[PDB]
Each structure stands twice: as C-alpha cells, then as structure tokens.
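Methodologically, a virtual Cβ is constructed for each residue, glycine included, from the backbone with ideal geometry; neighbour enumeration extends over all protein chains shown. Please treat every number below as a calculation from the coordinates, not as lab data.
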Amino acid sequence: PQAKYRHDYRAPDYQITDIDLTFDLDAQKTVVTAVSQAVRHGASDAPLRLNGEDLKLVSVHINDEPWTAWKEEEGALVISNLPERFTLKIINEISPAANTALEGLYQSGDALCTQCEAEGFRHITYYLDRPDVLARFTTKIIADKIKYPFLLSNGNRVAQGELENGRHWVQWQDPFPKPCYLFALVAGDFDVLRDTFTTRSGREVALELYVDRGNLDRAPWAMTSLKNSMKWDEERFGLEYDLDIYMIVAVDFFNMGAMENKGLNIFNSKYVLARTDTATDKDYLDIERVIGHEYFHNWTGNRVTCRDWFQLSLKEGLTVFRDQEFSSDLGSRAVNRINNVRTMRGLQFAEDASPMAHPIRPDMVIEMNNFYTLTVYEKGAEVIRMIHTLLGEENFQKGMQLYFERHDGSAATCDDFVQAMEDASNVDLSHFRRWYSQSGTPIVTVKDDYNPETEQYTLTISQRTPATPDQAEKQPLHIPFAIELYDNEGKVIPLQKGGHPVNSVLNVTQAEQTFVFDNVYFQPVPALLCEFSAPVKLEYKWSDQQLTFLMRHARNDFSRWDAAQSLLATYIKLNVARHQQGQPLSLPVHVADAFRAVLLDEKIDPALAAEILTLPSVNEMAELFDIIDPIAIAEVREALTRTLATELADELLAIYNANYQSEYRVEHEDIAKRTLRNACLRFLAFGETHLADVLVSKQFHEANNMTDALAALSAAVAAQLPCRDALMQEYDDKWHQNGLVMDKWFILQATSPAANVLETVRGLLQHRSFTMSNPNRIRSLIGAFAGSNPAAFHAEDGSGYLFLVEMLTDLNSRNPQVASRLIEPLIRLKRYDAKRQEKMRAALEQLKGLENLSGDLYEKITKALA
Ligand SMILES: CC(C)C[C@H](NC(=O)[C@@H](O)[C@H](N)Cc1ccccc1)C(=O)O
Ligand SMILES: [Zn+2]
C-alpha cells in the first residue's frame, strides 16, 4: 500500500472531455459500457493509465478497433500507442450484490445506488479517476421495470424507452463538466415528494426527494430545509442553483452522511427523515445542516472542484464554514458557535495531538478516505473563518466573487482560494498560508500588566506549536487574536494607542510580541480570543472572579459560556487528581453560585443558559490532561453533576417547570427553552432518587415529541434510575422496526455507566434491530461504545480493546471505511497510561497481522504503532 505525496502532483497525460455511459443493470451482474472522448496532452509515447478496482474487463476499442496494445496490472489498465485524439470504449462487468464495502455501485435494501467520492468511480469502470479530469457525462440506464421503476442519474432526463422482457431505460445528460467523483446513479422504487423553488432571477427548479415507500410523511422537513438553503445561499453569497432539477435520494445503507453528486445528492436517510415522534430538535437541526451543506457544494465543490485530493479542504473547510454560517444566520449564532468550539477543542485538538495529525492540506496520503477528518473539515472551516475575521464580510464576499470568476468550470487548489481572497481584499495572506501546511494546535500564552501611573495595559502574547509525529519543524502562524477589555462596571474600554483607535483583532504573527493600550482608565478584565478567533489553546492565569465577572458582563454570549468553561476547567482538573488519590469532589461555594446565578438570571437567553448548564463532555474533559484517565474523568463528571444537582435542586426544578411547553414547535425560541428544560432535567435525574425517578418516568410517558422522550430515557440510563429497564424495554417494543430510531437506543446502551455495559453491548450484536451489514447500526452500537464510552472501552482488564479487535477483524473485510472510522479510539494509545498503552499496542499488532489488511486500516495502525 503506497503513500502518495502532494508534491508529486503532475498535470494528467490525457484528458477525457466527454463520457457516454450505459449500465445494463442487475444486482448480480451489471454490464457497463463506457465511451470516452480522449485528448493527449502529454508526450506522444506516454501510455494512457486508467484506474480500476475489482472490474471484469470484457473489451477495449479505440475508434471502434479492438485494441491489442494494452495490459492490466494491479489497479490499472495501461493502454499504449494511442493517437492524439480518440474514442475509448471500455466494456466491463461489476457485481452490486457483492459490494459490501459500499463504494462504487452497490445495493441499499432493494435499491441500487452509488458512492464515488473519493475514488469509487474506478470501482464501476476503468477511468481517469482523479478530480482534475472533468468530462461531460451522459448516462443511459437499462433495468427491470418492476424492480427499478425510477432510474436516476445527474442532470436532465433526455431519452427513454421500453424494451422486451419487462425492461426499460432512461438516458440522463449533465451539461456541466465534472470529475467522476460527482457521478451518481440510483435505481429503485420510491415515494417522491415534489415541490419547486424559484430562484431570485426567476429560474424554476423542480425539487424531488426520493424516499423508501411509506416514508413520504418523514420528507417535508428536508424539503423545507432545501428551500431554506437555496434562499440563504442567494441572500448571503449571491449564489443561485444552475440546473432545472434538484434530486435527493435518502438511502439506508451509506458509509457517510451525504454526498453532493451534481443535481443528484445521495443522503444517509438519517439526514433526511424526520417526524416529531421519531426525531429530536438535534435531528431537525442536523437535517437542516447536512441538506444545506451538500447544497452549498453546488458552487464550493462542484462549479469549482479540487485539482487533487490533497486540496480536499478547499471544498470541505469552505463548505463547512458555509453550513455553519447558514445554521447560525437561521438559528442561534451563539449556540452554533459554542457547539462548533466544543467540537474543535474536544475532538479536533485530540486528532491534532494524535499519530494521524495532518495539516488541513495534507502532504502525504495512503488512503484518501482516511482524510475526511475533523482537521480537514472543522479546522478547515476555522481557517476560512480566520480569513473572514481578517477581511470582514464585504471583502470576504469580494474574494468569493473573484474565486468563482477566476475558477468557475475548473479544478482549483487551496492556494488559488487564498490568492483570490488576498487579491480582492488587498489583505496580505502570505504568512497566513502557513495554516494550510502546518499541523498541530498552537498554544497562545498571554501575560498582562496594568500601569496605574500611565493608564496603560500591556499584553505580552507568545505562541508555539509543539512538534507532531508528521512534522519535526514548526513556525509561528498569523493568529488573529480578538480581545475586549472591561472596566469595573462591565463597560467596554475603547482600544487605542497614542491617540488613535486600535483594531480589537490583534495580529499575533511572532513567537513573542507586546501590545500596549493607552487611556485604560481602570484595571481591565480582559476577554481573550473572543468568539474562538483562532483555533488555538489559550493559556492565561484567570482568577475565578475574572471568570464570573465575564459570565455576568461579557458582551457576546460566547464569551460568557467560554468563561464558564475556563471556570469549570480548573475544578475538573482539581477533582480528577483527587479522584486518583481516592478523595471525594471539592468545589468552592462561589462556583456553584455562578451556576445558581445563571439559572435564576431572568435576562439571559435560555439558549445560552442551556449551554452553560451543559457540562463539558468526557471528550472535552480529556483535552485538559496530557495523560488521559478515562475512569476518573467519567466519575468526576458524574460527581460534579450530583453536587450541582444537590446544591441547585430547588432552582433546577423551578426552571425545569417554568420552561414547560405544551405545543411542540421546531422553532428556535422553543428549541432553546426545551434545551434548558432538559439540561435542568439532566441534573434533576441525579438528585434525590425517588423524586428523580418520578420526574424522568413522567417526562418519558407524557412527552409529545422525541426530544423530551429521549432526554428522559437518556437521564434514566445516565443516572441508572429504577425506571431505566422498563422505559428501555418500552422504547424497544415500540420502535424496534425503525433502525434510525433504534440507533438512539443503541447509543444509550453503548454509553451506559452500568458495570455490565460490555456484556450488554455484545448481547446486542444479536438484537432484532442490529445488523453488521448497516453502517448506521455499527456506528450507533459499536462506534458509540469505543468512542463515546471511554470509561468502559478503557476498562482496566483490557476487555474493551479485545471487543473492538473482534469487530474490526470482521469489518476489515466487510467494510474497511467503517472499520477505519471505528479504529480511531485505539490509535489514541499514547494519551493513556503505560499499562493501557501496552494492551492497546497489543490489540493494534493483532490487527496489523490480519491477512488481507485493508490499506484504510494499514495507514492508521502503522502511524499508531510507530
Ligand atoms: C460534513 C457534513 C455536513 C456531512 C458529511 N458529508 C460531506 O462532507 C460531503 O460533502 C462529502 N463530499 C461526502 C464524503 C464524506 C466522507 C468521505 C467521502 C465523501 C458526511 O459526514 O457525510
Ligand atoms: Zn462536504
């Protein structure tokens, strides 16, 4: 399995300008005929090298002449002695029914569908499977009419006929040149929700949402979100849809969440199907996000695509930035910013400290599907947001406009995008480009001084990025560091120096620098790195009272929540050391009081109150420690929950009851009150046992929506309440026929604090609703245990590791892309104590000796064992 290197990029020897595909479709045996119009660019003696995986070649013709100057090798068809321009015809067979890996053409229940990104099209036919080759596709599909009445591909429906023996065919044509990763085909029998969107310039777009028969009742919300996404992209970015049809197909069997195939998105049905009794507020907001995200790729990804896969972040970071802007504009900006920062600090930082650490533009890749990461996505989007911060909205939109103007119709690079932002704005981004090529999280250390005699405040800011496995050399970055200074009244002190205003976004571009502010009439309380202005670790010696002052006075809701996190961080760390010495929780009175004040603040946005009253996850808590103690973290989280439930019992029950809502609305103000109410419930579940059991049981049974019912069930599990087993059994009996709803239940089982959690998880491998054939079920049961129950996964007897090895031994052959998502908890071994590393190392060595080890797992295992 060979590494590929970004510095090896070379323009292709041949282009394909047009491809005409014919699928004679059958689950056991599909015959693909592919007629491509090719043009030599390279040396006249260069062979055409086509990618192909698991393809049965039937014939090779060049201008209709059967070709003798070719050979097959590992993953390729090499064709020699070609004219400068020619028609390539390939005929080959593939077998959808045998495709367990779910890449290329496969079976989803009774449907046939495709997944081609990153390199899945070479599983369908021999092709230039590289994103800088853009061709105009036309696609004829021939299939059994009763089994596949709907035959879908990208673009517009240009031809159709019937044939003998109950077959029919449809031809599609997509006028936009595309890399083959954007190719899609779907065959099956669906219910179809149809609607329309009229674009701002009056183009009328048929919207079509394909769902399994019987699911039309779960489709309107995805349709609404689609129109919302199209409207928003017009208002915010000035971007209109460019075709006449927009199709989305919800499939149950899918390795990822969704895919932006031009004019024909394929979606995991998890990101389509919602009804108020099956779906939570979080599902609704996720559907909106993911619908919007694939929609936004129509421009940032499709109209302008990626020159090579090392440029992935060019589309993913930028499209994540967009879906965050969408969610934030439509919903609560503060809650969105808070949650995206949780993800950054709790999940992405961990990856940047891992053996899989990489720059947002990687330099080296063995298996490209291994790089659809928190780094390329979430940190990518933080980098885009820093550009936005440096340029401001107006110049940022100008840089978007110049980007499309220069690159519409072509495959571009990260550096092109930076270049467009830089030229449109006249902001210098040459230093800034270092964020693309350097991995690891910078640590920004702040020291301050107030001088009463000169009324000057001085910040001495430094930065370093520790070395990572992949990079021995590190250099300072261009770090936009936003500050605000508060006087004793909570008023913002104007920033200025020598009689002139100073931008509150400081340019931290050196290893060490000093910033001096004048006319600081009172010793300030600083808010630092406001709105998480650079993806960095902040090191500043806060006092508790600086932090409670910020919770009370900071202008932006994000800084209030962030202050609360810095306050908690101190006491999480205190109490994990205590836990390790056998000592019970200790928390000063004035900390509990900051949280009492939040509960009883009548002016606070409930959306903000709810986030402050949501404790860091065990994953955000882990990132406060060099060496992770997963059991101490888990138990301290619980003890902190119990302590606050006891100290704030009366205030919690009052705020819980005050936020009752008899109507269920998917509306942001209602979501916010319900999130606060359920945050109050979480603590109440951990107070006095009889009261808790009554409250939780009652909520589960009286809920008129899945949000309140799951919140209850999930508190029953978390606090191991007496009602737990009956409620869990009831949900099983009601919902077992419905995989997406049962995924919620598998997650709760997988993340239970019960002593016997692993025994229960293993038994659930035999559950009526579970199957190894379904990525959703695998992730919900096995992935949630290994990744979201660190206390049990890291049981000291090493039983967690052995369990995962067993599962990955299966999945390595069945579905390597899911195997490689699931191995991730094991590759974090260097973060754990020496006894744990030794057991995890041993598990990894077991996996490395597997016969037919997939490249997907090979890459991670070898970096981890190094
Ligand atoms: C980031 C989210 C909004 C959803 C996310 N999907 C995407 O990013 C799509 O735009 C990707 N282009 C789909 C993808 C993901 C992983 C591997 C190959 C292809 C997914 O998880 O599928
Ligand atoms: Zn994407």
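Across segment 239-291, the relative contact order, built from alpha-carbon pairs under 8 Å that are at least six residues apart, equals 29 percent.
For the listed residue pairs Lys398/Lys537; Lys147/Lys270; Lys744/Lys830, the alpha carbons are over 26 angstrom apart in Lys398/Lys537; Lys744/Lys830.
Normalised by the residues of the chain, what does the relative contact order come to in percent, with Cα pairs under 8 Å and at least six apart? Could the numbers behind the result be given before it?
Working: 1656 pairs, mean separation 70.1, N = 866.
Taking the mean separation of contacting Cα pairs over the length of the chain, I get 8 percent.
For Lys603, the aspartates and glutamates whose Cα falls under 19 Å of its own Cα, not counting residues fewer than eight places away in the same chain, are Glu489, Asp557, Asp562, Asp593, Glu611, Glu651, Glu669, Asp670.
Relative to the first principal axis of the alpha-carbon coordinates of the chain, what is the inclination of helix 414-425, with its axis defined by its Cα atoms, in degrees from 0 to 90 and to the nearest 10? Here the helix axis deviates by roughly 60 degrees. Straight-line cross-link partners of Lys860 among the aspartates and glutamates, defined as a Cα under 18 Å from its Cα and at least 8 positions apart when in the same chain: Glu351, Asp352, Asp363, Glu367, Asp470, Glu806, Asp810, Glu824, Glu838, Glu845, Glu851. Here segment 226-257 and segment 688-728 have alpha carbon centers that stand 37 Å from each other. Computing FRET efficiency as 1/(1 + (r/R0)^6) for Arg203 and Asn63, where r is the C-beta to C-beta distance and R0 is 41 Å, gives about 0.55. Would any residue of segment 538-576 have its amide N under 20 Å from a label point 7 Å out along Cα→Cβ of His668? List them or say none. From segment 538-576, the list is 555-562.
By the rule of a C-alpha distance below 16 Å, with chain neighbours fewer than 8 residues away ignored, the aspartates and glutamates paired with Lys231 are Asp195, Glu204, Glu240, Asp242, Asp244, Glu288, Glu294, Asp323, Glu325, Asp329.
Counting other Cβ atoms within 10 Å, keep those with at most 11, restrict to DSSP loop, and tell me which GluC sites (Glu not before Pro) in segment 571-644 are left. Working shown, then result.
On the way: sites: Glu602, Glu611, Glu620, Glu623, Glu635, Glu638; in loops: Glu602, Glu623.
Hits after loop and neighbour filter: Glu602.
Compute the relative contact order of segment 220-321 as a whole-number percentage, counting only Cα pairs closer than 8 Å that sit 6 or more residues apart in sequence. Please list the in-between numbers first.
Values: 119 pairs, mean separation 28.3, N = 102.
For segment 220-321, the relative contact order is 28 percent.
With each label modelled as a point 7 angstrom along the Cα→C-beta vector, the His701-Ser430 pair spans 7.2 nm. Axis of helix 589-600 versus longest Cα principal axis of the chain: the two differ by about 60°, to the nearest ten degrees.
Taking label positions 7 Å along the Cα-Cβ direction at both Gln28 and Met364, the computed distance is 4.7 nm, reported to one decimal.
Loop-only check: which GluC sites (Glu not before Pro) in segment 677-757 are DSSP coil with at most 15 other Cβ within 10 angstrom? Intermediate results must be reported in sequence, preceding the final value.
Working: sites: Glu688, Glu702, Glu730; in loops: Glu688.
Answer in residue order: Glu688.
Shown here for segment 332-401: chymotrypsin sites (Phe, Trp or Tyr not before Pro) in loop regions (DSSP other than H, G, I, E, B) with at most 10 other Cβ atoms within 10 Å, of which there are none. With a Förster radius of 41 Å applied to the C-beta separation of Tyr9 and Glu453, the computed FRET efficiency comes to 0.10.
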